[PDB]
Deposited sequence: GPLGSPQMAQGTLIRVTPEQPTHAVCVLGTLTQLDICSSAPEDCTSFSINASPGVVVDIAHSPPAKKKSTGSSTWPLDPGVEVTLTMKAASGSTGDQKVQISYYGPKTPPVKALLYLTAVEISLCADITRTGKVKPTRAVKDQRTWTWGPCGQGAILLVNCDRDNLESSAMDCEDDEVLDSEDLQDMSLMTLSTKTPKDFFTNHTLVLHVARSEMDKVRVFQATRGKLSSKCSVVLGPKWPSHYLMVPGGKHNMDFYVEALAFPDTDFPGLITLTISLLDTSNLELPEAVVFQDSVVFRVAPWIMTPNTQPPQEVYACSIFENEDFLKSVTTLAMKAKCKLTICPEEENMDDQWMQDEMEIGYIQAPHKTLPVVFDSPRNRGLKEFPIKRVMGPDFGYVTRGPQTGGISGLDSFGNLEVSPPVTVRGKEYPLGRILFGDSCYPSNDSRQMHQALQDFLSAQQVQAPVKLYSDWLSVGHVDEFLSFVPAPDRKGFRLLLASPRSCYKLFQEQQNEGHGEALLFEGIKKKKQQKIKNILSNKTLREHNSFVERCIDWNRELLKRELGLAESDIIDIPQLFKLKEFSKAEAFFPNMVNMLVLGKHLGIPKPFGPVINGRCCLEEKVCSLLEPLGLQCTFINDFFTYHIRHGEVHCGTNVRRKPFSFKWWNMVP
């Protein structure tokens, strides 16, 4: 800020001046009469500026003091104002000043180093410290997030927290007559916790919003550790402001008087997803009855992609094989710390405990949203939550991509949507600027059922894959044209009725159902084209047929090959069991023919009696954790 010091010849004044503050002098308000003019002398530590060697006494003349260094003792710098007139012997008003340093410091340049306007600004030319939600369990002992209680129990825990340092320089007796208090608005106290480091004891938090600091005179440095307890959300834009106030306590009869305030503003780091184009690090599945052979194929694939593997046994599954749906593995990121965090869906089926019990842990965060009992729908399953690779759309850059999730085309009595709380949560993270797609036409309702993304060595570095009946018809028609109309879809499967290409192509109901699906998909195609700035050369159609079953909702006619596992270049694609022609399933060949030229290795995994007949595939039965973007979210300008 600044302060106006009001000087008089009545007697001397005493004031404090915090270094880095603009201090100002009111000279004319008590200049005695007889007087035209004034002069200023000051001790050598005080710099005096005058705009608008002695000056006339005009009320809009401006005088400012700054102080080069902290006072060694009270009143050790002096200012002397001398009023005089044509025939008037000079009179002196005296000002005794005490200078001090009060620097509340934090990582506002975002480099791991703590060294007027306290605002937070995005971009690489911007400013403001980052703060992480301390939502992992470093505490080996119990089952709660670190930040739910009032204590630092491990010292590891401090690595997650943000460092703020108060740095004072004062006369030795200064806190005789002054006290410093640290504080946070009541508005924000339930979202941050602040520990004083001496070991560590809480000083600010949900229970207390202010704390008198115990600070010795001289040069002193006090270290604070800060954790956030809430992600940005609909009712929290994600800034937390911490303030240091300096109080004058000189008069034992009067109340304390504020002399100086400074702040730092923190922005709580958002939860961020990883697209399939990000290198994989760890893979997840369930093990259930008659599953074994699916799991070896997956194991083989992980191994080729360097990935840690992780399975969930039937004692914990409770029959729930759909590892995709209960959770999503994202990250949070600060200059000093980056760590994965599981977004745990309120789906709450058999896998309900898996995210809490097995995933949340040392350097592994947890978050959840929406109602935990009831109020939910299939569209809340995280097979319906994906994210694009980075894209630029008509000049605006989405360096972390854009979250995608499925929705209906309009709300009705029969329509489903992802719960508002999740949608609200995802938008509040800002940096991935969610897009709504149309998936309610699918029986299960998930965007993973009609799309996937894969890395590609050229263009923008990926391909959007989309399921395409058009493409499967063209392929099958082609095969009929070269004589293979007799070929049998479902060849090699027992307790299932083979069907010939000729009878498939002639089936008019099937051709109708697929035309309706073609429309549902094409709608999303243009939608993705617009909202991700894609062109056709970014997109590849995967031959895929559907059918309409109950409520005229759409299921996969044969294994949904786009519902694949993407481990870098190693694809784990469902086994279509197509019509076999010249030794090979023509589906597999068509796919390979589209993906192998991009460096991709296609492994066809058999999921037929395990997952496909249960209305899901490989992607639906697995999950991946992947490398965080290198791009720092705070450099975006959402």
> Wait, which stretches of the deposited chain are just not there in the structure?
Replying inline: 1-9, 62-72, 136-141, 225-230
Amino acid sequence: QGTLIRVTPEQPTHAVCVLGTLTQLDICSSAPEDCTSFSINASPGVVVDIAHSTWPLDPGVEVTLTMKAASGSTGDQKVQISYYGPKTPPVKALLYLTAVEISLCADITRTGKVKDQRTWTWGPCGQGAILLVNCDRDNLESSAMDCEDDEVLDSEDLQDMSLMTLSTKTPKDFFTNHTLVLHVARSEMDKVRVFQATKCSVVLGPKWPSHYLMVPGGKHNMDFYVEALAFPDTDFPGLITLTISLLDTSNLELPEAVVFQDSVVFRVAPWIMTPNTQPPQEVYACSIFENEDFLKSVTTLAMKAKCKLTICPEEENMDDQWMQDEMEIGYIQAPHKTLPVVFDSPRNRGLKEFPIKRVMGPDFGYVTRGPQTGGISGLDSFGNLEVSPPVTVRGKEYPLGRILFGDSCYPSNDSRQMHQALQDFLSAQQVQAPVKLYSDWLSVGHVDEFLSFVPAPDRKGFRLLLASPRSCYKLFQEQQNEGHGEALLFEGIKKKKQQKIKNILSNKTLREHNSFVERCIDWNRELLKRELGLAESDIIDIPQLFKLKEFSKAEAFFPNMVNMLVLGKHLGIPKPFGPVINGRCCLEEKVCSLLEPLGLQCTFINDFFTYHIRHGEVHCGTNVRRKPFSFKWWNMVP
From here on, numbers count along this sequence of modelled residues.
>> Please compare 148-156 with 417-425 and say which has the higher mean C-alpha temperature factor in the record.
In response: 148-156
>> Tell me which stretch, 41-49 or 586-594, has the higher mean Cα B-factor listed in the entry.
In response: 41-49
> For the listed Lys460, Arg267, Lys207, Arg402, which has the peak Cα B-factor recorded in the PDB entry?
Replying inline: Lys207
>> In terms of recorded Cα temperature factor, pick the maximum from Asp116, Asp235, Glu328, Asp248.
In response: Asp116
> In terms of the chain's CA B-factor thirds, is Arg626 lowest, middle or highest?
Replying inline: lowest
> In terms of the chain's CA B-factor thirds, is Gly123 lowest, middle or highest?
Replying inline: middle
> If you rank the chain by CA B-factor, which third does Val192 end up in: lowest, middle or highest?
Replying inline: lowest
>> Please place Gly374 in the lowest, middle or highest third of its chain according to the CA B-factor in the PDB entry.
In response: highest
> Considering only modelled residues of the same chain, in which third does the CA B-factor of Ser345 rank: lowest, middle or highest?
Replying inline: middle
